[PDB]
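Residue numbers for the sequence shown follow the authors' numbering, so the first one is 1 and each next one is one higher.
Where a beta carbon is used, it is the ideal one built from N, C-alpha and C, also for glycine.
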Amino acid sequence: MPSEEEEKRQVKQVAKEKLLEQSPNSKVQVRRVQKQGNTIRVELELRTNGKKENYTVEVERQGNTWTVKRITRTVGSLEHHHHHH
């Protein structure tokens, strides 16, 4: 029986390893998970030297196997410095 509880264990592991394939110097941790039918959107948080990029590895159920639809990264823009020197 494909136990739903075990499905999180698989998907979040696939998700983190993909981010570790994109950036082996970074240490990734799970941030948020959403079961949406076949497609699980797992938000993760990838931490690096002076970087912290929130990703979303959107995985899909094809048969028994979990395939990555996309790896999304948080979009950046110019901010307003709270601290001024």
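Reference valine 75; option with closest CA among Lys52, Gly63, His85
The shortest C-alpha separation from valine 75 is found at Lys52.
Tell me whether the beta-carbon of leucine 46 lies closer than 8 Å to the beta-carbon of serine 23.
With respect to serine 23, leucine 46 sits close: the two C-beta atoms are nearer than 8 Å.
So, at 7 Å on beta carbons, what are the nonlocal neighbours of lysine 27 in its own chain, with the 5 sequence-adjacent residues on each side left out?
Closer than 7 Å at the Cβ level, and outside the excluded window around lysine 27, lie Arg47.
Once you ignore the five residues that flank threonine 39 on each side, which residues in its own chain have a CB closer than 8 Å to its CB?
If you ignore the 5 residues before and after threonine 39, its C-beta comes within less than 8 Å of the C-beta of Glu58, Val59, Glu60, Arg61, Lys69, all in its own chain and listed in chain order.
Determine the DSSP secondary structure at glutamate 4, reduced to helix, strand or coil.
Here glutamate 4 carries a helix assignment [DSSP, helix/strand/coil].
Please list, in chain order, all residues of the same chain as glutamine 34 whose beta carbon is under 7 Å from its beta carbon, the five residues on each side excluded.
The residues are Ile40, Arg41.
From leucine 20 to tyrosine 55, what does the alpha carbon distance come to, in whole angstroms?
Approximately 12 Å between the Cα atoms of the pair.
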